[PDB]
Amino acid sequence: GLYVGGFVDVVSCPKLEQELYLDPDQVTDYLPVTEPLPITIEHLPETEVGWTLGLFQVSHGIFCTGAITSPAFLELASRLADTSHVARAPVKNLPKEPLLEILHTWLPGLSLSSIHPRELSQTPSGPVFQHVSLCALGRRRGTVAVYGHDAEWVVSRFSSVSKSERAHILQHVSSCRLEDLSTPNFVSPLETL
């Protein structure tokens, strides 16, 4: 069970013909998001690995904290981190905690999916946000995502998050028992072979 944290990029209609990144202010009226959104990979169906634990406007942007909870994904990633020369190639040699490093390097981007801003300027009918994705490519305003085993340690790593803002981010992790989150739908794309 891991935590992830970072500032996000806001993307409308991701990876499709109409993809467009949004100014955070285009969606800050719809923050904070206190209810769990799925965390997926590269905006792909059926790659749920976790659930968000809060999305907040802070001084420097929109900060996301999440929980990576998928047993299939954690087991696969961790096995890769211990035995795959390919996974480890772009990481510093001999890391302590290779799983954290592997994730930090291969999935540095947090991408928050939203409806098109033509809906957001007016009054939206339904949910403004759909999910947060861990992304290999496309990070812009977002920071490099931090992965760790305890939520306070993760939020602690960003210097552009104040002690009060951090004290406005840890209440909500500790407000949701990880055990009570739904089981995410990630399946290893290995034994599909």
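Rigid core here is just the name for the largest C-alpha set that superposes within 1.5 Å across the two forms. When you see a residue number, it is the position in the sequence shown, counting from 1.
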Hey, after superposing on the core, which one moves around more in 6 other deposited structures of this protein, 105-113 or 119-127, CA-wise?
-> 119-127
Report the stretch with the higher root mean square CA deviation, pooled over structures and residues in 6 other deposited structures of this protein, choosing between 158-166 and 141-149 after a rigid core fit.
-> 141-149
Higher-B stretch (mean Cα B-factor, as the entry records it), 125-133 or 52-60 = 52-60
With respect to the recorded C-alpha B factors, which stretch has the higher mean value, 112-120 or 88-96?
-> 112-120
Select one of 141, 163, 149, 43: the residue whose C-alpha shows the highest B-factor in the crystal structure entry.
-> 163
In terms of the CA temperature factor given in the entry, to which third of its chain does residue 28 belong: lowest, middle or highest?
-> middle
State the tercile, meaning the lowest, middle or highest third, of residue 190 with respect to the CA B-factors recorded for its chain.
-> highest
When the modelled residues of the chain are sorted by Cα temperature factor, does residue 67 land in the lowest, middle or highest third?
-> middle
Residue 145: CA temperature factor from the record, placed by chain third, in the middle
